[PDB]
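A.B. asks: What follows is a single structure, and I will ask about it in a moment.
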Amino acid sequence: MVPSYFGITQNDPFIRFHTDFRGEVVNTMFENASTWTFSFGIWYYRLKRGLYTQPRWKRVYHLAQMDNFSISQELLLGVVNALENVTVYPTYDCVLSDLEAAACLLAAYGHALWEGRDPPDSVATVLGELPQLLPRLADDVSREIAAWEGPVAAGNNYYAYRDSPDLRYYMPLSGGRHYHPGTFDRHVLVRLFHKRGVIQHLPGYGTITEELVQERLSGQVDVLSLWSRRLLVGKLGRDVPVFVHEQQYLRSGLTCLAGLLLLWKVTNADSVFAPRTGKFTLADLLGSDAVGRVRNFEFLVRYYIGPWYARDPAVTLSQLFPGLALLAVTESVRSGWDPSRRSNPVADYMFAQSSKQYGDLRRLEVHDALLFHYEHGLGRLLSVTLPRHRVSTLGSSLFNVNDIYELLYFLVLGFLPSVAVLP
């Protein structure tokens, strides 16, 4: 009964909810706002139009008024549910989120800077320090890209994973829980972390040294392992995973760092106090009755990410930012890339989540195709000359996002409504 609150933008009040932030915000919008007059952009409309002519999906998603940009609550919840699950690792034995894995890599990175930084005490503290750590990481990445050796992976992507065209599942299956040798060879973060001594021995990356054989023989033994244990023993005790051997945590953690780097880059582009371009107002979401250096990213860290992690430590980056997942997947799809060769993968996963015909394995395969697009699109967006410009272009052309204030809400909601139909 004690209400929960999240803060999205500094110019806005906090948003009240009981247990499910996104679900309750969506429900309030359909109950209090004139949704029939809204647009959610052409990407959402094209999805509605495509489904409208398919009787099964028209019924499941309660589609009505074929030539209206407005979408049903059922369709909106369907899309959002698919996006939220993108970086969820749905195995019975998943003990860490992509966010906690990213926090361990970042604490190890901070220690490896050798600048006398105050050691963080927990994942919550590392999250609190993202506004200080991410600019340093972004500077190091920019230097690593400028001095890049050998070829760049397909799509000018510096954050690429080298998977076989036949790889259909995200879970690592080589020698237990490792990805095939060479999977991380062209990934800028892995190259940087290996250069800074964050990662010392990564199976399938580089060559086995005499020191690994000596460690295996004598037992006399690593920055990543030390920081993973320090941050996660409170949560897991003795059962702390070794990221270099349970590579799903290494890969999800790296993808989450790429996601955080992109969020830090685009969220701080302009002030929420500057004159508005778009038509969205908080009243479109909650109803009329209910309502220097740019630091929009720090505001989200303190009033959204931090409080969510405190109440639900299983939270993943796609559950926090389903709009980021929609942008990244769309960037990959539009580029012509396909994980089956190395098309609506969001809609494909929505269908797999609702249909009783799909077994667990088929649903996982469709989930993993969406996640492969997500990783590729995220890497593409972060690798372009001006990431803000490409994100701005996709936002205004497809997702009804026209300024920084609308971008911030879109990233957190997975959609952006505004009055499109007026007398």
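The way I read the labels, and the way they are meant: chains A, B, ... in the order of the structure tokens, residue 1 as the first residue of every chain, and ligand 1 as the first ligand shown, with later ones counted on from there.
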Contacts of residue A:172 at 9 Å or less, counting only C-alpha atoms, minus same-chain residues fewer than 6 places along, as a PDB file with C-alpha atoms, in the first residue's frame?
C.D. replies:
```
ATOM      1  CA  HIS A 178      31.570 -21.036 -23.479  1.00  0.00           C
ATOM      2  CA  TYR A 179      30.945 -19.523 -26.915  1.00  0.00           C
ATOM      3  CA  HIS A 180      32.918 -20.953 -29.872  1.00  0.00           C
ATOM      4  CA  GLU A 246      30.009 -18.989 -17.855  1.00  0.00           C
ATOM      5  CA  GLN A 247      30.209 -16.750 -20.900  1.00  0.00           C
ATOM      6  CA  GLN A 248      26.462 -15.954 -21.026  1.00  0.00           C
TER       7      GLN A 248
END
```
A.B. asks: With a distance cut-off of 12 Å and only C-alpha atoms, select the neighbouring residues of residue A:127, excluding the residue or stretch itself and same-chain residues fewer than 5 positions from it, and output the selection as an mmCIF file with N, CA and C atoms, in the first residue's frame.
C.D. replies:
```
data_model
loop_
_atom_site.group_PDB
_atom_site.id
_atom_site.type_symbol
_atom_site.label_atom_id
_atom_site.label_comp_id
_atom_site.auth_asym_id
_atom_site.auth_seq_id
_atom_site.Cartn_x
_atom_site.Cartn_y
_atom_site.Cartn_z
ATOM 1 N N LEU A 99 22.636 -6.419 -16.196
ATOM 2 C CA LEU A 99 22.994 -5.208 -15.458
ATOM 3 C C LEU A 99 24.016 -5.469 -14.336
ATOM 4 N N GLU A 100 23.822 -6.553 -13.530
ATOM 5 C CA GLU A 100 24.763 -6.914 -12.449
ATOM 6 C C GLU A 100 26.082 -7.390 -13.059
ATOM 7 N N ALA A 101 26.026 -8.122 -14.199
ATOM 8 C CA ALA A 101 27.232 -8.561 -14.917
ATOM 9 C C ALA A 101 28.015 -7.323 -15.434
ATOM 10 N N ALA A 102 27.300 -6.319 -15.998
ATOM 11 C CA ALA A 102 27.907 -5.058 -16.468
ATOM 12 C C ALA A 102 28.544 -4.293 -15.307
ATOM 13 N N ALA A 103 27.887 -4.291 -14.120
ATOM 14 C CA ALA A 103 28.402 -3.641 -12.911
ATOM 15 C C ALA A 103 29.727 -4.292 -12.469
ATOM 16 N N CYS A 104 29.849 -5.640 -12.571
ATOM 17 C CA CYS A 104 31.105 -6.323 -12.202
ATOM 18 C C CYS A 104 32.235 -5.953 -13.162
ATOM 19 N N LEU A 105 31.935 -5.908 -14.481
ATOM 20 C CA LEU A 105 32.926 -5.540 -15.510
ATOM 21 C C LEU A 105 33.390 -4.093 -15.298
ATOM 22 N N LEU A 106 32.442 -3.194 -14.995
ATOM 23 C CA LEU A 106 32.729 -1.771 -14.777
ATOM 24 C C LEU A 106 33.525 -1.494 -13.488
ATOM 25 N N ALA A 107 33.257 -2.231 -12.379
ATOM 26 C CA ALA A 107 34.044 -2.098 -11.139
ATOM 27 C C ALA A 107 35.500 -2.563 -11.412
ATOM 28 N N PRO A 120 33.933 0.604 -5.147
ATOM 29 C CA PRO A 120 32.481 0.486 -4.921
ATOM 30 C C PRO A 120 32.159 -0.739 -4.064
ATOM 31 N N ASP A 121 31.174 -0.611 -3.194
ATOM 32 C CA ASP A 121 30.814 -1.653 -2.237
ATOM 33 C C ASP A 121 29.767 -2.654 -2.711
ATOM 34 N N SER A 122 29.025 -2.333 -3.794
ATOM 35 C CA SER A 122 27.905 -3.151 -4.242
ATOM 36 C C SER A 122 27.517 -2.775 -5.652
ATOM 37 N N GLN A 132 29.871 8.865 -13.709
ATOM 38 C CA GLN A 132 31.314 9.113 -13.593
ATOM 39 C C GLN A 132 32.141 8.094 -14.402
ATOM 40 N N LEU A 133 31.754 6.801 -14.376
ATOM 41 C CA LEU A 133 32.502 5.736 -15.054
ATOM 42 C C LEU A 133 32.314 5.678 -16.567
ATOM 43 N N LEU A 134 31.065 5.845 -17.054
ATOM 44 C CA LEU A 134 30.775 5.733 -18.499
ATOM 45 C C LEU A 134 31.527 6.772 -19.361
ATOM 46 N N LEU A 231 31.578 -7.935 -5.282
ATOM 47 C CA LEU A 231 30.252 -7.371 -5.472
ATOM 48 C C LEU A 231 29.105 -8.364 -5.304
ATOM 49 N N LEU A 257 26.736 -3.125 -21.191
ATOM 50 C CA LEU A 257 27.656 -1.972 -21.167
ATOM 51 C C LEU A 257 27.501 -1.147 -22.456
ATOM 52 N N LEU A 260 24.333 0.789 -22.073
ATOM 53 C CA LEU A 260 24.548 1.908 -21.142
ATOM 54 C C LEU A 260 25.362 3.042 -21.784
ATOM 55 N N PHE A 297 20.973 11.659 -17.905
ATOM 56 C CA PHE A 297 21.399 10.293 -17.600
ATOM 57 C C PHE A 297 21.508 10.074 -16.082
ATOM 58 N N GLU A 298 22.220 10.963 -15.355
ATOM 59 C CA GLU A 298 22.310 10.887 -13.881
ATOM 60 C C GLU A 298 20.899 10.930 -13.224
ATOM 61 N N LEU A 300 18.038 9.793 -14.470
ATOM 62 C CA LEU A 300 17.514 8.436 -14.657
ATOM 63 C C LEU A 300 18.201 7.437 -13.712
ATOM 64 N N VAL A 301 19.526 7.560 -13.536
ATOM 65 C CA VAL A 301 20.251 6.651 -12.648
ATOM 66 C C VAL A 301 19.669 6.738 -11.207
ATOM 67 N N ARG A 302 19.505 7.961 -10.705
ATOM 68 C CA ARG A 302 19.056 8.211 -9.337
ATOM 69 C C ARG A 302 17.587 7.934 -9.063
ATOM 70 N N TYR A 303 16.698 8.256 -10.012
ATOM 71 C CA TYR A 303 15.247 8.192 -9.795
ATOM 72 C C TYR A 303 14.512 7.116 -10.577
ATOM 73 N N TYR A 304 15.238 6.318 -11.356
ATOM 74 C CA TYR A 304 14.580 5.255 -12.147
ATOM 75 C C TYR A 304 15.329 3.933 -12.023
ATOM 76 N N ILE A 305 16.563 3.863 -12.539
ATOM 77 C CA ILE A 305 17.397 2.651 -12.504
ATOM 78 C C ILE A 305 17.664 2.215 -11.063
ATOM 79 N N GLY A 306 18.214 3.133 -10.249
ATOM 80 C CA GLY A 306 18.536 2.889 -8.836
ATOM 81 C C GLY A 306 17.342 2.344 -8.067
ATOM 82 N N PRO A 307 16.202 3.078 -8.051
ATOM 83 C CA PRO A 307 14.992 2.574 -7.347
ATOM 84 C C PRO A 307 14.438 1.251 -7.898
ATOM 85 N N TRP A 308 14.481 1.046 -9.233
ATOM 86 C CA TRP A 308 14.010 -0.230 -9.790
ATOM 87 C C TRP A 308 14.903 -1.380 -9.283
ATOM 88 N N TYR A 309 16.235 -1.257 -9.437
ATOM 89 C CA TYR A 309 17.179 -2.271 -8.962
ATOM 90 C C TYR A 309 16.984 -2.584 -7.460
ATOM 91 N N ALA A 310 16.728 -1.548 -6.636
ATOM 92 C CA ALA A 310 16.503 -1.704 -5.181
ATOM 93 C C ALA A 310 15.273 -2.574 -4.888
ATOM 94 N N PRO A 313 15.998 -6.737 -8.026
ATOM 95 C CA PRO A 313 17.376 -6.876 -8.553
ATOM 96 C C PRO A 313 17.545 -7.801 -9.760
#
```
A.B. asks: I'd like to know which of A:109, A:264, A:170, A:161 is closest to residue A:199, using only C-alpha atoms.
C.D. replies: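 Ranking A:109, A:264, A:170, A:161 by distance to residue A:199, first place goes to A:109.
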A.B. asks: For the structure I just gave you, how does DSSP split stretch 327-416 of chain A - specifically, which residues are helix (DSSP H, G or I)? Reply as a PyMOL selection string.
C.D. replies: chain A and resi 327-334+345-354+360-383+387-398+404-413
A.B. asks: Can you tell me which residues surround residue A:189 at a distance of at most 12 Å, considering only C-alpha atoms, apart from same-chain residues fewer than 5 positions away, and format the answer as number ranges by chain?
C.D. replies: A: 102, 105-106, 109, 137-145, 148, 158-161, 184, 194-196, 198-199, 250-251, 253-258, 261, 379
A.B. asks: Excluding residue A:333 and any residue of its chain fewer than 3 positions from it, enumerate the residues within 8 Å of it, using only C-alpha atoms, and give them as a PyMOL selection string.
C.D. replies: chain A and resi 329-330+336-338+343-344+373+377
A.B. asks: Taking C-alpha atoms for each residue, export the selection above as a short mmCIF file (atom, residue, chain, number, x, y, z; two decimals), in the first residue's frame.
C.D. replies:
```
data_model
loop_
_atom_site.label_atom_id
_atom_site.label_comp_id
_atom_site.auth_asym_id
_atom_site.auth_seq_id
_atom_site.Cartn_x
_atom_site.Cartn_y
_atom_site.Cartn_z
CA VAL A 329 16.39 -4.06 -33.29
CA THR A 330 14.94 -1.61 -35.92
CA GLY A 336 19.40 -5.76 -44.18
CA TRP A 337 21.25 -7.91 -41.56
CA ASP A 338 19.81 -11.31 -40.65
CA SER A 343 11.01 -9.07 -41.53
CA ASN A 344 9.59 -8.19 -38.07
CA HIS A 373 19.20 -8.27 -33.92
CA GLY A 377 21.70 -2.86 -33.94
#
```
A.B. asks: Find the residues around residue A:270 up to 10 Å (only C-alpha atoms counted), leave out those fewer than 5 positions away in its own chain, and share them as an mmCIF file with N, CA and C atoms, in the first residue's frame.
C.D. replies:
```
data_model
loop_
_atom_site.group_PDB
_atom_site.id
_atom_site.type_symbol
_atom_site.label_atom_id
_atom_site.label_comp_id
_atom_site.auth_asym_id
_atom_site.auth_seq_id
_atom_site.Cartn_x
_atom_site.Cartn_y
_atom_site.Cartn_z
ATOM 1 N N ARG A 293 25.767 21.918 -17.649
ATOM 2 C CA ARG A 293 25.969 20.555 -18.133
ATOM 3 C C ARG A 293 24.641 19.758 -18.070
ATOM 4 N N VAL A 294 24.322 19.018 -19.132
ATOM 5 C CA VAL A 294 23.092 18.222 -19.165
ATOM 6 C C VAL A 294 23.337 16.931 -18.372
ATOM 7 N N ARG A 295 22.420 16.620 -17.440
ATOM 8 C CA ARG A 295 22.557 15.432 -16.589
ATOM 9 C C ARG A 295 21.299 14.560 -16.576
ATOM 10 N N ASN A 296 20.636 14.414 -17.736
ATOM 11 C CA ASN A 296 19.446 13.569 -17.872
ATOM 12 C C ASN A 296 19.772 12.124 -17.526
ATOM 13 N N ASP A 403 12.138 15.376 -29.846
ATOM 14 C CA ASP A 403 13.033 16.159 -29.003
ATOM 15 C C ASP A 403 13.526 15.273 -27.857
ATOM 16 N N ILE A 404 14.466 15.784 -27.059
ATOM 17 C CA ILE A 404 15.055 15.037 -25.942
ATOM 18 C C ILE A 404 14.026 14.555 -24.899
ATOM 19 N N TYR A 405 13.045 15.404 -24.554
ATOM 20 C CA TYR A 405 12.041 15.063 -23.549
ATOM 21 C C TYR A 405 11.262 13.813 -24.017
#
```
